[PDB]
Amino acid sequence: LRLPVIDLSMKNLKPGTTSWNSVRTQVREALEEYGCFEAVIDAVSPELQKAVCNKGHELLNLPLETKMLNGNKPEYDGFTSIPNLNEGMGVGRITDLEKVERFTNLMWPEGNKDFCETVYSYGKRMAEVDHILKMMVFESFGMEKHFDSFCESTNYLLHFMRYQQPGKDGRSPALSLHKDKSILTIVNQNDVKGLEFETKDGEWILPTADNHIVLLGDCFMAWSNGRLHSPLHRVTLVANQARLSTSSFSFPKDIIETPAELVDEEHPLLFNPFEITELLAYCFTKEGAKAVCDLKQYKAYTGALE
């Protein structure tokens, strides 16, 4: 039980090249079988990775009243906390420099150029990794001519989750089982492990914290008509130390729609089209939390599997 490891060294990785075609096959197979993979990413230096970790702590160290200024939508960017367990919040529209500048001046009226420049740089570099990976998936399904339309006005999110020292060694649950509602999520654990995936079998893979982890969200699973797997995951601390994760999410401009090419006799249409803002909100309500672990419990489900 160990994840695929995919070398996304940007060197040599241009469309049409030999290395690109090899990496494309690895990405498609990993996201079909596991829904995730460890990724070696040099689009971001170790120096920038540590700077973004420091910026996450600086944001989460602000007063509660300041963090609340980022709104009441914890399904996307809003401040969330389970007392004595975890806290988190996000920078929405991280690839829009004007939106990052506004967010920064909301949090730091006297200014914080270091925070704004660091997080925008990381968001831009990780969005290119997301773009390349989606492109490889589209190419793998014969859909490269539909790719630019899919990607128009992609929404990117940078999200920090912090986990308090659990007070014990061994094993301390810290975040509950869910599927992400992104297209892709790219996670860095900042040298402390705990992210844990359920296999299709029902086994558990707890990777080390040396590399980025790519995982599929329910938007890509729906786009693929269930051909790709969105994996169930949770966080379990394995040591008495604090943990901060840095995660990059892609979301569509508005609608996800499954292309006709991926529907056939053996693969009936699983999901009607749906709006991401509605899905995200719904999963955070009492009546809609059934959809957190399974998009088939959402209103878009066709009932095809009877």
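Note that residue numbering begins at 1 and tracks the sequence as displayed.
- Annotation for 182-190 versus 80-88: the higher mean temperature factor (C-alpha) is found in 80-88.
- When 234-242 is weighed against 45-53, 234-242 comes out higher, by mean CA B-factor as recorded in the entry.
- The entry assigns its greatest Cα B factor, within the set 154, 118, 224, 208, to 208.
- Per the PDB entry, 145 shows the highest C-alpha temperature factor of the residues 145, 124, 159, 212.
- Residue 163 sits in the middle third of its chain by CA B factor, as recorded in the PDB entry.
- In this PDB entry, the Cα temperature factor of residue 262 sits in the bottom third of its chain's modelled residues, the lowest group.
- Split the chain's modelled residues into thirds by C-alpha temperature factor. Residue 220 is in the lowest one.
- Among all modelled residues in this chain, the alpha-carbon of residue 30 has a temperature factor (C-alpha) in the lowest third.
- In the PDB entry, a CA B factor belonging to the middle third of its chain's modelled residues is recorded for residue 72.
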